[PDB]
Amino acid sequence: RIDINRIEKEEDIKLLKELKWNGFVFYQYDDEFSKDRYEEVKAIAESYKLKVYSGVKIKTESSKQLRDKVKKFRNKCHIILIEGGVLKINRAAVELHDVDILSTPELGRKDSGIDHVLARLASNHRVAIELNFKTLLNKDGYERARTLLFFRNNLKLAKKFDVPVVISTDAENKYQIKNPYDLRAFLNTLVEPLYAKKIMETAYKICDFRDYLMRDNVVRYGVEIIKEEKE
Amino acid sequence: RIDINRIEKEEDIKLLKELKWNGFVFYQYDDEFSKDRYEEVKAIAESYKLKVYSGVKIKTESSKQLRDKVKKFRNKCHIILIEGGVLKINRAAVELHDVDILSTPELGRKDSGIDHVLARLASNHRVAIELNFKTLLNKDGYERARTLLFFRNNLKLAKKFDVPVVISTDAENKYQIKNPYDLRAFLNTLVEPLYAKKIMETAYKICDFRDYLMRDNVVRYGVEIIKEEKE
Amino acid sequence: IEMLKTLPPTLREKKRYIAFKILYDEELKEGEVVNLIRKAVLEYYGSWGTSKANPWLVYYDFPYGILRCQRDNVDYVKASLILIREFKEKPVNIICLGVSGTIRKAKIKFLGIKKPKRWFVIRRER
RNA sequence: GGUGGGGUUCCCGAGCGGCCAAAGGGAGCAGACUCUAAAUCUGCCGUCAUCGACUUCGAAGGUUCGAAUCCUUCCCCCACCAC
RNA sequence: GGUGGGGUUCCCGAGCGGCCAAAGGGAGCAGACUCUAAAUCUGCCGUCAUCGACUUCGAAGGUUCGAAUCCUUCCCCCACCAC
RNA sequence: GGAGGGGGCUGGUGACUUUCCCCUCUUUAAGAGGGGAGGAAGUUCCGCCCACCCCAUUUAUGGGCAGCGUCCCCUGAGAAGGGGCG
RNA sequence: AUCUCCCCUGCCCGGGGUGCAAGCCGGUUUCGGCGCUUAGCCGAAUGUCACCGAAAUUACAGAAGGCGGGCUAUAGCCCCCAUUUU
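Line by line, the protein sequences are chains W, P and L.
One rule links them: number in full-length UniProt numbering = place in the first sequence (from 1) + 1.
One rule links them: number in full-length UniProt numbering = place in the second sequence (from 1) + 1.
One rule links them: number in full-length UniProt numbering = place in the third sequence (from 1) + 1.
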């Protein structure tokens with residue numbers, strides 16, 4: 002069970018560990034990332050009992066110059082997220098086949114979440130869709146209606162094409178975070194409970210795959226062990 | 002398809018006939034009933050194309066002196082309704098086994114609609130439960146919640162014991178009346194569509210039985226035809 | 002006297018008891034909790050779902066709380082608990098601890114340690 | 001439902017089956033130049049970043065001594081149609 | 001889960017297997033009475049509403065010459081119990 | 001072939017959750033395994049295991065049950081149901 | 001028809017009364033523990049879906065110390081009996 006949120010204080014994360022949570026993701030939505038924040042993430046993760054995987058995020062830049070610079074800044078960190086309602090950057094983001102999870106098709110667009118050609122290209126390039134929840138807690142009633150209509154449309158377009166889905170709260174403060182049983186009961190309320198469990202299983206397996214990829218000398222899934230001829 | 006409402010003007014009833022309605026019930030909730038109102042009911046029923054069956058109603062009087070006086074005023078009219086949240090009068094009303102339909106367990110009581118002993122006694126004495134809807138259109142949100150909770154409880158207690166149910170709007174004005182397809186879709190929304198059709202079938206059959214009882218010389222379902230020895 | 006018999010347990014409503022907490026440093030009255038949970042249960046259920054899942058708060062002394070539910074729809078009540086966002090100057094936080102069939106068991110699993118019985122003594126003494 | 005077509009570098013665009021042959025232009029970096037800057041010119045031009053070498057011509061399979069090119073399949077992108 | 005019991009007229013309440021035997025009280029109506037009214041008394045007392053006669057004793061089945069009553073079954077209503 | 005009466009049976013496997021429960025277990029706190037309502041639990045007509053109080057210690061006296069299947073009586077579309085044991 | 005005795009046959013010997021909300025313990029009003037469970041709650045847990053099958057969660061309908069007898073109400077199939085019928 003893996004959450005995606007930002008780190009502010011230690012008591013909030015100590016409350017997170019005491020409930021159910023085994024690990025989470027530190028969320029860098031900025032262009033200024035250094036090793037000091039990641040060392041503070043190490044300190045708060047070793048504070049009580051946890052492991053945290055850090056990522057980086059970009060919003061509203063060019064088409065594929067952004068793709069090259071995003072690869073160059075991605076070569077330092079573990080995982081990544083690209084958010085944006087623009088379809089033009091979304092096509093390149095699902096085309097570059099190296100982004101793990103994808104967010105924001107509903108609030109920058111306000112028309113429809115995922116296109117059919119977009120969902121078929123995501124099936125060929127294996128990019129996952131991340132569903133946020135802070136968008137549900139900063140809107141009005143009919144806005145909640147249109148947003149959950151978009152999520153149910155995206156849920157069908159991910160179910161029929163077997164597109165991987167990761168749920169998160171996309172939190173910002175101490176109290177924006179919610180329970181994992183709550184998110185499981187909500188995704189049970191929407192369509193199905195087995196797919197709700199599959200979302201959490203995929204959320205664990207994608208971080209497991211990124212950790213197993215960047216852990217040792219693994220290139221295109223090739224494991225190399227004792228007595229290497231490494232230059 | 003039979004409605005229960007009061008008559009104010011003719012244009013409202015002409016709008017009622019032009020939609021789906023084949024007949025309805027004129028509702029006398031007063032202690033002063035005469036033949037002039039019933040002749041006006043005859044005139045408005047023969048105005049465009051309809052048949053109307055008139056009834057009488059009582060509220061908040063004694064225990065069984067009311068039962069005798071209710072029988073004595075019932076001997077002039079076709080059908081009858083007794084409304085009241087008091088359980089003490091409700092026991093006598095379901096005990097006297099001559100009242101056709103029964104209303105108001107939810108707004109005068111505000112605790113629960115029908116008791117289990119009450120539902121078993123209604124099964125032995127064959128009295129029907131009438132479900133109103135003006136109560137739904139003059140409340141607030143949680144009041145709608147508690148009232149429809151009471152109706153779903155009464156719906157189960159009428160389904161398990163096969164208690165007859167008649168839906169009506171219990172209207173008071175030109176626009177309080179609603180569609181029969183609307184009420185059927187709402188009772189479909191609650192539990193089942195077959196029971197929703199059975200409610201309308203029972204609503205037709207109870208007026209058919211009262212008309213066939215008070216039409217000719219029928220005593221305890223005994224039909225007497227041509228060349229009678231009647232004194 | 003006005004008395005209603007309890008339905009037999011084959012016919013009565015199958016119920017569950019959700020134990021939860023309303024996390025904030027701020028304070029609340031239990032009537033404010035009932036008002037906010039009625040507004041939220043309307044905002045997630047409508048008349049149909051509020052007739053469906055039977056919401057009623059039974060206990061709120063601390064920021065912990067106990068609320069009653071139908072048995073088939075505890076996930077719906079939890080999803081109703083998630084969508085709290087704002088109450089007039091501020092949010093409140095609703096965080097579920099668990100769900101059980103009674104008070105003596107849900108009181109000891111997450112809430113406390115001992116098993117109290119207060120309804121019997123307030124019925125027999127008063 | 002229908003016809004005539006296109007997919008090549010960050011963006012607009014050429015290209016005989018063959019030596020990064022990959023015309024290129026705009027862009028980035030560096031040089032040169034200038035008091036500074038614009039314009040012009042030079043090299044890297046995706047990488048090693050001096051010559052030079054390798055990779056990508058929407059994707060897969062196949063022909064061939066050898067595919068952007070020739071064949072098949074899967075796709076997408078255009079233009080215009082109710083009268 | 002358990003014990004001792006009750007259901008009869010509009011309401012409180014008696015009643016040997018037997019002639020509305022149905023004690024009754026309060027209530028309604030009428031008479032009587034009074035200037036009016038209260039109280040007392042008289043008849044209907046559920047119906048015909050003068051005598052008198054018929055129906056209801058929670059419901060069904062059965063016994064009997066005959067059921068409020070005796071038997072069986074279905075019910076409800078009481079009282080009190082967690083320590 | 002159609003309303004009805006009597007007798008028999010009423011679960012198993014697989015997936016989810018300890019946030020449906022209980023028990024057991026190891027383990028960087030959470031998982032794994034097993035089990036989880038029936039012919040009536042209802043009715044309370046009864047008896048026994050288990051307790052306390054009194055008399056008594058007795059098969060001397062005495063107490064309790066039974067005479068079943070069969071038969072008889074009563075009512076049904078005469079299968080069936082109810083009551084009884086010299 | 002009821003009531004009470006003596007005339008039989010066989011079996012069994014402690015006789016009555018209350019009842020687990022009985023009774024026992026820490027406590028000494030009030031509370032927690034035992035009785036208590038190859039299900040064991042008590043503010044009364046035994047959840048959802050699919051399927052083999054066809055006996056299946058569909059009707060009556062839900063434990064609260066356990067066991068045995070009798071009564072009441074019926075879902076699905078199987079077996080048996082009866083009227084109409086041909």
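Heads up, the beta-carbon is just placed ideally off N, CA and C, and yes, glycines get one too.
Leaving out five residues on either side along the sequence, give the residues of the same chain with a beta carbon under 8 Å from the beta carbon of residue i.
i, result
"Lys160 of chain W", "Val192, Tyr196"
"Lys91 of chain L", "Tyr25, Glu27"
"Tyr18 of chain L", "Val59, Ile67, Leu68, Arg69, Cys70, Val100, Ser101, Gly102, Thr103, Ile104, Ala107"
"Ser48 of chain W", "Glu11, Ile14, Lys15"
"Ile85 of chain L", "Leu37, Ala41, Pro92, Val93, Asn94, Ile95"
For residue i, which beta-bridge partners are listed by DSSP?
i, result
"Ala94 of chain W", "Paired residue(s): none; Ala94 of chain W is not in a bridge."
"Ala20 of chain L", "L:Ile67, L:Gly99"
"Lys60 of chain W", "W:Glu84"
"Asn6 of chain P", "P:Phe27"
"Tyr54 of chain W", "W:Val26"
"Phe88 of chain L", "L:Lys91"
"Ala129 of chain W", "W:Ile102"
"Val167 of chain W", "W:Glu131"
Within the same chain, show all residues whose beta-carbon is closer than 6 Å to that of residue i, passing over the 5 residues directly before and after it, in chain order.
i, result
"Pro181 of chain W", "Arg2, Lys21"
"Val35 of chain L", "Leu58"
"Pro56 of chain L", "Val42"
"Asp13 of chain P", "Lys175"
"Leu158 of chain W", "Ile115, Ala120"
"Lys65 of chain W", "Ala93"
Between residue i and chain W, is the shortest Cβ-Cβ distance under 8 Å, so that the two count as touching?
i, result
"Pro92 of chain L", "yes"
"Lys79 of chain L", "yes"
"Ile104 of chain L", "no"
"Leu24 of chain L", "yes"
"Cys70 of chain L", "no"
Establish whether the CB of residue i and some CB of chain P are separated by less than 8 Å.
i, result
"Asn55 of chain L", "yes"
"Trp120 of chain L", "no"
"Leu8 of chain L", "yes"
"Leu84 of chain L", "no"
Starting from the Cα of residue i, find the closest Cα among the options and give me that residue.
i, options, result
"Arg185 of chain P", "P:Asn174, P:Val167, P:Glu173, P:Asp171", "P:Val167"
"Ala94 of chain W", "W:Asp112, W:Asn125, W:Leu108, W:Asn174", "W:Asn125"
"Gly85 of chain P", "P:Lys70, P:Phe74, P:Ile115, P:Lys72", "P:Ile115"
"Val128 of chain P", "P:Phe151, P:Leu103, P:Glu173", "P:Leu103"
"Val71 of chain P", "P:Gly223, P:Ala46, P:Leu97, P:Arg92", "P:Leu97"
"residue 240 of chain W", "W:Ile81, W:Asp101, W:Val220", "A question about residue 240 of chain W goes unanswered here, because the residues of chain W that appear run from 2 up to 232."
"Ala204 of chain W", "W:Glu229, W:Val224, W:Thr170", "W:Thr170"
"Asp69 of chain P", "P:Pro106, P:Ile90, P:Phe34, P:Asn6", "P:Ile90"
"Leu156 of chain P", "P:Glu144, P:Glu230, P:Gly142, P:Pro106", "P:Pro106"
"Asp4 of chain P", "P:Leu51, P:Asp141, P:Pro194", "P:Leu51"
"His117 of chain W", "W:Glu229, W:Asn154, W:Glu202", "W:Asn154"
"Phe162 of chain P", "P:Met201, P:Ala120, P:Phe151", "P:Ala120"
For chain L, check one thing: does any of its Cβ atoms lie closer than 8 Å to the Cβ of residue i?
i, result
"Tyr176 of chain W", "yes"
"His98 of chain P", "no"
"residue 1 of chain W", "Here chain W has residues from 2 to 232 only, and residue 1 of chain W is not among them."
"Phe187 of chain W", "yes"
"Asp183 of chain W", "yes"
"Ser169 of chain P", "no"
Only counting the same chain, and skipping five residues up and downstream in sequence, which positions put a Cβ closer than 7 Å to that of residue i?
i, result
"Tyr60 of chain L", "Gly66, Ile67"
"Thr61 of chain P", "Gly85"
"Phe34 of chain W", "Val57"
"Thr148 of chain P", "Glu107, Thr136, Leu137, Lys140"
"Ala46 of chain P", "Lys52, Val53"
Segment contact, 8 Å Cβ cut-off, at least three pairs: the segment 171–180 of chain W with the segment 211–223 of chain W: no
At least three beta-carbon pairs within less than 8 Å, the segment 111–119 of chain P to the segment 133–141 of chain P: no
Any 3 or more C-beta pairs closer than 8 Å across the segment 52–66 of chain W and the segment 11–26 of chain W: yes
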